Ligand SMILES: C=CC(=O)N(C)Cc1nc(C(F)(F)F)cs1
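Below you'll find only one chain, the form deposited without this ligand, shown as structure tokens.
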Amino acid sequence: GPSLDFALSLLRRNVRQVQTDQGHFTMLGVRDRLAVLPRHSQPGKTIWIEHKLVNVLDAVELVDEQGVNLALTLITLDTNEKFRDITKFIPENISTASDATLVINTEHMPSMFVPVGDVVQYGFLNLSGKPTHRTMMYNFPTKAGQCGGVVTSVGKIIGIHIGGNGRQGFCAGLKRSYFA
């Protein structure tokens, strides 16, 4: 109950359908006008968000003290909307999970929840040939169209879906300091 329920609350207040020139993605709204996307979505100066065109004030590929690719892009949106601040639900350190749910919301895959099970430490990932770090893995057959999906455990927001090989899926881990 509490876990699936947490995922459903997040969907409504913080998860949005977007489209870039690279296709359809799920977006996590983090706080106020700040959101996060998979880097592969390559957001431009304008993005579609639930059937409206929105100006992008800033977009930054995420960097930290390790100086590694993390497969995420932070964006600040030129919008009236202010996301409820969910940073307190993001752990300070990358966190695995026993019973995670992947929350997907795109125009093609609207408002869906997928129990992916265990989310385990994985680390380095060559993602279609691009070196990527700080990933976690689930033994679930994730699909094209699910990138940006939000990986949650009860009371915690732990990852963003970025890739998979047909049998397993991979997320970029989330840490609170990314959003400081």
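Note that residue numbering begins at 1 and tracks the sequence as displayed.
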Quick note on 21 to 29 and 6 to 14: per-entry mean CA temperature factor is higher in 6 to 14
For 46 to 54 versus 122 to 130, entry-based mean Cα B-factors point to 122 to 130
Of the residues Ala35, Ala144, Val150, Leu70, the one whose Cα carries the largest B-factor in the deposited record is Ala144
One of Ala59, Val114, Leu62, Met136 has the largest Cα B-factor in the entry, namely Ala59
Among the modelled residues of its chain, the C-alpha B-factor of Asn80 falls in the third labelled highest
The third of the chain into which the C-alpha temperature factor of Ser98 falls is the highest
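Form deposited with this ligand bound: not shown, discussed below.
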So, this ligand superimposed from where it sits in the bound PDB entry: by the 2.4 Å backbone or C-beta clash rule, 3 or more atoms, this site is blocked
Just checking whether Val30 would be counted as a contact of this ligand in the bound PDB entry - the rule being heavy atoms within 4.5 angstroms.
no
- Query: For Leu57, is any heavy atom within 4.5 Å of this ligand in the bound PDB entry, or not?
  - Reply: no
Decide whether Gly117 counts as a contact residue for this ligand in the bound PDB entry under a heavy atom distance cut-off of 4.5 Å. no
query: Is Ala144 close enough to this ligand in the bound PDB entry to count, meaning some heavy atom within 4.5 Å?
result: yes
field: this ligand in the bound PDB entry reached by all of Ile104, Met112 and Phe140, non-hydrogen atom within 4.5 Å
entry: yes
